[PDB]
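A quick write-up on the structure given underneath.
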Amino acid sequence: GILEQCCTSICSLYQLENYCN
Amino acid sequence: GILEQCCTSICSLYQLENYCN
Amino acid sequence: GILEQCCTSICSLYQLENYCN
Amino acid sequence: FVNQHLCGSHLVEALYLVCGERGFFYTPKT
Amino acid sequence: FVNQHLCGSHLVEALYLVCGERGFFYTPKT
Amino acid sequence: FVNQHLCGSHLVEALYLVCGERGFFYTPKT
Ligand SMILES: [Cl-]
Ligand SMILES: [Zn+2]
């Protein structure tokens, strides 16, 4: 999930975007 | 104190409640 | 920079002040 | 320490910012 | 690193939320 | 983990508070 992917290393705005509805 | 208890591991709302007036 | 200086250990208000315009 | 819990707080704040009016689902699933 | 200092910020924000109008005392005492 | 990124968020919030109307520059430069 988002916790493993974005707390381990930084997620870009583009990566975060893929979590948006 | 609250720092040792709640920064080491997560405190629940119930645990936090006991810090309220 | 400010990240190395203030994330390694705590910066005081006086230290932060020196980062202000 | 509570690295994950603290990080997650910042994550949803970032999603709130990036996702806007569209909204988002937050499901801390491994 | 400043784990404790960053964590504490989130703690008081949580106390602010959970304690409401009752308020709370924050005393970082070991 | 993202210690530095999370810490930096709190740093600018502190600068916002301490610097006031004067403002500040934030340049994450080693
Ligand atoms: Cl944090
Ligand atoms: Zn934080």
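Here is the naming used below: chain letters follow the sequence lines, and residue numbers restart at 1 for every chain. Atoms within each ligand, like the ligands themselves, are counted from 1 in listed order. Computed from heavy atoms alone, side chains included, the values below leave out hydrogens, waters and symmetry copies.
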Check ring pair (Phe, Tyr, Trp, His ring centres under 6.0 Å) between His10(E) and all other residues, then give those that pass, not counting sequence neighbours. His10(D), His10(F)
Rounded to the nearest 0.5 Å, the CZ atom of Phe1(F) sits from the OG atom of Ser9(A) at a distance of 11.5 Å
For the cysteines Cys20(C) and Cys19(F), is the SG separation below 2.5 Å? yes
Atom pair CG/SG of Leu11(E) and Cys7(B) - distance to nearest 0.5 Å: 4.5 Å
Is there any side-chain hydrogen bond (donor to acceptor under 3.5 Å, both in side chains) pair reaching into residues 15-25 of chain E, and which pairs are they, with sequence neighbours excluded? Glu17(B)-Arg22(E)
Around the Zn ion (ligand 2), how many protein N/O/S atoms fall inside 2.8 Å? 3
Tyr26(D): what forms a side-chain contact (heavy atoms from CB on, under 4.5 Å) with it, not counting sequence neighbours? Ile2(A), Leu3(A), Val12(D), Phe24(D), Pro28(D)
